[PDB]
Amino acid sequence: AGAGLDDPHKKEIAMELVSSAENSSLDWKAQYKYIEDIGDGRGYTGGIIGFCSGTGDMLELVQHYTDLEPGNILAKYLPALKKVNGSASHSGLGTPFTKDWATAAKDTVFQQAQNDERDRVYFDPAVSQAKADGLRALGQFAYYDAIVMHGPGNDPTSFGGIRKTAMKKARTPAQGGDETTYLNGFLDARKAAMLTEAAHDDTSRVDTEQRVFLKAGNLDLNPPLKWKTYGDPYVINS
């Protein structure tokens, strides 16, 4: 098609749509300064798509930030991020790290580094796989929203495992299948994945947002967009 969800304006709509489900706000950029150890064993989770000290991705994030801005105030913590990786340890981090993360969030280059990592791992793989599939922007969005909640990989509840379930039920546009048929199939598989996760939310991001755009025939994700997450309305007018 054309630029689809990669279009600057449509890419921003996509970022508010995820944020309406993630944070109940269209204000996604409010999460650059977020950081806390939620108790789940991942260590410190922060930034715009939950980077973590346990996972290896917060260390990649601030390595990216240090390549962009060598004397930034987080580079002192690189040894510590490296020791801690793979565990929920606070060793050499703790309270200075968390005061420092929030100061760094005022730097536009730290903001750009979080966006670059979001794009590297989630946005550009979901959108490119969706175009490989012959999907227009609503499909591209449905892929992105799914890799943001379920993460990369082929295990059954991660993105590639959800796409594999969908494709067992229905053929892709790239394969000769019908797009809203492939997308009801994806959505069904997504929704199933969600209810499988322990301590789940509701599934409105599919039920009263994504499926709503699909039944309207809005396959290019052109505004006005009206939807609900958790009983609350959202409108992007243009």
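Each residue number is its position in the shown sequence, starting from 1.
J.: I need to verify one thing: averaged over C-alpha atoms only, is the B-factor higher for 50 to 58 or for 37 to 45?
T.: Result of the comparison: 37 to 45.
J.: Using only C-alpha atoms and the B-factors in the entry, which stretch averages higher, 90 to 98 or 110 to 118?
T.: Of 110 to 118 and 90 to 98, the stretch with the higher C-alpha B-factor average is 90 to 98.
J.: Highest Cα B-factor in the deposition, which of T103, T165, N72, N154?
T.: In the PDB entry, the greatest C-alpha B-factor among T103, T165, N72, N154 is found at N154.
J.: Mind checking which third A174 falls in for C-alpha B-factor across the chain?
T.: Middle third by C-alpha B-factor.
J.: In terms of the CA temperature factor given in the entry, to which third of its chain does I13 belong: lowest, middle or highest?
T.: Middle third.
J.: Report the third (lowest, middle or highest) to which the CA temperature factor of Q129 belongs, ranking only the modelled residues of the same chain.
T.: Its C-alpha B-factor, which the entry lists for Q129, ranks in the middle third among residues of this chain.
J.: Quick check on the deposited entry: does the C-alpha B-factor of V206 sit in the lowest, middle or highest third of its chain?
T.: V206: CA B-factor falls in the middle third of its chain.
J.: Which third of the chain does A30 land in by C-alpha B-factor: lowest, middle or highest?
T.: Its C-alpha B-factor, which the entry lists for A30, ranks in the lowest third among residues of this chain.
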